[PDB]
Amino acid sequence: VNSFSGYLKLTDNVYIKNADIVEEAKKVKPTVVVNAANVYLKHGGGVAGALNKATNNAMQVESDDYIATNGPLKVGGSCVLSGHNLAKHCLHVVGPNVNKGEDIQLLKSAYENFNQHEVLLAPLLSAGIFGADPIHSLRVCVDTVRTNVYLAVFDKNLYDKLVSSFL
Ligand SMILES: O=C(O)C[C@@H](NC(=O)c1ncnc2[nH]ccc12)c1ccc(Br)cc1
């Protein structure tokens, strides 16, 4: 039993809710919140910009030190950093950004990072400003993630479309 409330169940292990991931994290304080990161951990906009704003830029400060030490992530890769005031940990996951020409096949690799964590709050990878089809992102998620994932879809209209078209 966990504290996630109001989600629709899609599969044995995948759940979905129309919610602002920022407000959801502040309420549940999950062990892991997933960030829709880029390889430079520059959290300027989208989910990353919103999460970082909610940490009062502490996420960005920590991320800049991470990059200075380790260099950029790989597309499809991830790193675990602090969750600041939002979660115990933030799993920064880099899905391919279609608006940069990155191979959409890397989306499965990106979701595989979720399997290293028993329970996660997460956005749809490569959705929104990353330019991929969110229906496809949900499909890859369901077919790749085996751990318990609670998906927050900010857009109500997109949420309804995702549910109504889910196979
Ligand atoms: O509309 C959607 O769900 C898709 C969209 N989501 C969010 O920007 C989002 N999601 C949840 N809480 C949030 N608070 C503030 C934004 C936000 C998205 C964009 C870029 C990438 Br890459 C991946 C997904």
# chains A, B, ... in the order shown; residues from 1 in each chain; ligands from 1
call {"tool": "residues_near_ligand", "arguments": {"ligand": "ligand 1", "cutoff": "6 Å", "atoms": "only C-alpha atoms and all ligand atoms", "output": "PyMOL selection string"}}
result
chain A and resi 20-22+36+46-47+50+123-130+152-155
call {"tool": "write_last_selection", "arguments": {"atoms": "C-alpha atoms", "output": "compact mmCIF listing (two decimals), in the first residue's frame"}}
result
# COMPACT_ATOMS: atom_id res chain seq x y z
CA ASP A 20 0.75 18.55 -12.10
CA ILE A 21 3.77 16.40 -11.24
CA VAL A 22 5.08 19.31 -9.16
CA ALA A 36 12.38 14.76 -17.97
CA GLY A 46 8.95 21.68 -19.56
CA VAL A 47 8.73 19.30 -16.62
CA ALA A 50 8.86 23.32 -13.43
CA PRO A 123 6.02 12.03 -16.54
CA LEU A 124 5.68 10.49 -19.97
CA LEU A 125 9.20 10.49 -21.37
CA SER A 126 9.81 12.42 -24.58
CA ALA A 127 6.31 13.97 -24.39
CA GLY A 128 5.55 17.67 -24.30
CA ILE A 129 8.39 19.82 -25.61
CA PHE A 130 10.50 16.73 -26.37
CA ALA A 152 1.28 12.30 -14.05
CA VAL A 153 -0.11 13.86 -17.24
CA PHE A 154 -0.37 17.64 -16.83
CA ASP A 155 -2.75 18.26 -19.75
call {"tool": "select_by_dssp", "arguments": {"residues": "region 4-110 of chain A", "states": "alpha helix (DSSP H)", "output": "count of residues only"}}
result
35
call {"tool": "residues_around", "arguments": {"residues": "residue 23 (chain A)", "least_positions_apart": "6", "cutoff": "10 Å", "atoms": "only C-alpha atoms", "output": "PyMOL selection string"}}
result
chain A and resi 29+51+54+86
call {"tool": "write_last_selection", "arguments": {"atoms": "N, CA, C and O atoms", "output": "PDB file, in the first residue's frame"}}
result
ATOM      1  N   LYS A  29       5.523  13.188  -1.477  1.00  0.00           N
ATOM      2  CA  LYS A  29       6.935  13.050  -1.140  1.00  0.00           C
ATOM      3  C   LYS A  29       7.421  11.639  -1.480  1.00  0.00           C
ATOM      4  O   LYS A  29       7.881  10.903  -0.603  1.00  0.00           O
ATOM      5  N   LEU A  51       9.933  21.477 -12.225  1.00  0.00           N
ATOM      6  CA  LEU A  51      10.483  20.834 -11.035  1.00  0.00           C
ATOM      7  C   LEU A  51      11.585  21.691 -10.436  1.00  0.00           C
ATOM      8  O   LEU A  51      11.613  21.936  -9.227  1.00  0.00           O
ATOM      9  N   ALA A  54      10.312  24.641  -8.529  1.00  0.00           N
ATOM     10  CA  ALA A  54       9.749  24.263  -7.240  1.00  0.00           C
ATOM     11  C   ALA A  54      10.821  24.031  -6.179  1.00  0.00           C
ATOM     12  O   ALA A  54      10.524  24.150  -4.987  1.00  0.00           O
ATOM     13  N   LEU A  86      10.939  17.854  -2.873  1.00  0.00           N
ATOM     14  CA  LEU A  86       9.883  17.196  -3.633  1.00  0.00           C
ATOM     15  C   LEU A  86       9.809  15.693  -3.429  1.00  0.00           C
ATOM     16  O   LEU A  86       8.730  15.119  -3.580  1.00  0.00           O
TER      17      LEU A  86
END
call {"tool": "closest_residue", "arguments": {"among": "A:114, A:159, A:166, A:66", "to": "residue 35 (chain A)", "atoms": "only C-alpha atoms"}}
result
A:114
call {"tool": "atom_distance", "arguments": {"atom1": "CA of residue 140 (chain A)", "atom2": "CA of residue 90 (chain A)"}}
result
21.1 Å
call {"tool": "atom_distance", "arguments": {"atom1": "CA of residue 83 (chain A)", "atom2": "CA of residue 57 (chain A)"}}
result
12.1 Å
